[PDB]
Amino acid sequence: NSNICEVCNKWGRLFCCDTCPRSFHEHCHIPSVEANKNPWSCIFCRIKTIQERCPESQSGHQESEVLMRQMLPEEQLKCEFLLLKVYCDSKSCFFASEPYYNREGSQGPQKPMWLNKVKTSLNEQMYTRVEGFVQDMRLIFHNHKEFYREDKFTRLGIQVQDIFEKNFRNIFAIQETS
């Protein structure tokens, strides 16, 4: 297995997947690494298995249909995975913890949102439909773009939103369009 965490790319106390070469810090994996199991398969492997069990799951879907899906175990896992893919980008650090807003000429958002909050909400089974998770994720980037206005720092929200959206389309097999 790899000698660095798949998510944060650092060494440390690592847990190795038994079905692929990836390794993870306990709380870098989502869900947190469940240490009782042996064999243990990571989320990448679990997602691949869902895919292989139901090959037609990879045919194109409409975003509107995907968002209305109830958060049954398969969809819960897909949202956990999509969240993990965002954390895998180093620029997620800007969006991970609770923000605060005090900049001349701007007012903070009415509903602040951050990745660790989404992570807790998933862990606590607070989303009933994929829509709730996707709305909170999109809110993170929208809040950022609105607050930073014309500061070049606004670009960080565009960049991380693009990671989110590319991964959403992949994981939920959104129908390709131009």
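Residue positions are given as counts along the sequence shown, with the first one as 1.
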| property | result |
| --- | --- |
| 39-47 versus 62-70 - greater average Cα B-factor per the deposited record | 39-47 |
| Per the entry, higher mean C-alpha B factor between 10-18 and 158-166 | 10-18 |
| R53, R138, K119, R129, ranked by C-alpha B-factor: the highest one | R53 |
| Maximum C-alpha temperature factor, selected from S106, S92, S97, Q76 | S106 |
| Ranked against its chain, the third holding the CA B-factor of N123 | middle |
| CA B-factor placement of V134, once the chain's modelled residues are sorted into thirds | lowest |
| Ranked against its chain, the third holding the CA B-factor of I4 | highest |
| Relative C-alpha B-factor of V33, binned into the chain's lowest, middle or highest third | highest |
| CA B-factor placement of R149, once the chain's modelled residues are sorted into thirds | highest |
